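These notes are about the structure you will find just below.
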Ligand code: FES
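Residue numbers (this note's numbering): 14 to 108.
This is how it looks when you write it as C-alpha cells:
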C-alpha cells in the first residue's frame, strides 16, 4: 500500500507495503531477502532504520526509547503509517 524504499546493501528497492502489513512480510512477498530470526519483535536480527515516514512498531519489546528516537525499527513487526524510506541490514553495524 504505502510506497516504501528499502535502501539495502545491494541497492535501493521500491515496494508498496499494504496498510496492516509488516515491512518484512511485504518485502518477502516482493521477493526481497531481509534478515530475521524470531519474527516477534524480541531481537535485533531484522533491525532497520527509518529515514523518513513513520511506522507503528508497538509490538516490539527489544528497542529502548533512545533507540527508537534514533529511528531504529524492528522490520518484522513494524507496519507503515505513511510512505517510508528504510535502511535494512542494520544489525551488521551496531549488533
Ligand atoms: S526478527 Fe527478531 S525482532 Fe524482528
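Idealized CB from N, CA, C, for every residue including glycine.
For residue i, tell me which candidate among the options has the shortest Cα-Cα distance.
{"i": "residue 63", "options": "81, 77, 53 and 22", "result": "81"}
{"i": "residue 50", "options": "16, 103 and 89", "result": "89"}
{"i": "residue 36", "options": "106, 86, 107 and 108", "result": "86"}
{"i": "residue 57", "options": "33, 91 and 75", "result": "75"}
{"i": "residue 25", "options": "45, 34 and 14", "result": "45"}
Round the Cβ separation of residue i and residue j to the nearest angstrom and send it over; I've been treating them as touching at under 8 Å.
{"i": "residue 104", "j": "residue 48", "result": "7 Å"}
{"i": "residue 41", "j": "residue 54", "result": "Actually they are not in contact, since the Cβ atoms of residue 41 and residue 54 sit about 17 Å apart, beyond 8 Å."}
{"i": "residue 94", "j": "residue 68", "result": "6 Å"}
For residue i, collect the residues of the same chain with a Cβ closer than 7 Å to its Cβ; drop the 5 residues on either side in sequence, then sort them by chain order.
{"i": "residue 65", "result": "97 and 98"}
{"i": "residue 102", "result": "21, 22 and 48"}
{"i": "residue 43", "result": "28"}
Within 10 angstroms of its Cβ, does residue i collect 16 or more other Cβ (buried), or is it exposed?
{"i": "residue 70", "result": "buried"}
{"i": "residue 27", "result": "exposed"}
{"i": "residue 22", "result": "exposed"}
{"i": "residue 91", "result": "buried"}
Suppose the cutoff is 8 Å on Cβ atoms and the five residues either side in sequence are ignored; what does the same chain contact list for residue i look like?
{"i": "residue 39", "result": "17, 28, 29, 30 and 31"}
{"i": "residue 84", "result": "62, 63 and 64"}
{"i": "residue 108", "result": "57"}
Quick one: what's got a C-beta closer than 6 Å to residue i's C-beta in the same chain, skipping five residues either side?
{"i": "residue 78", "result": "none"}
{"i": "residue 34", "result": "none"}
{"i": "residue 52", "result": "89"}
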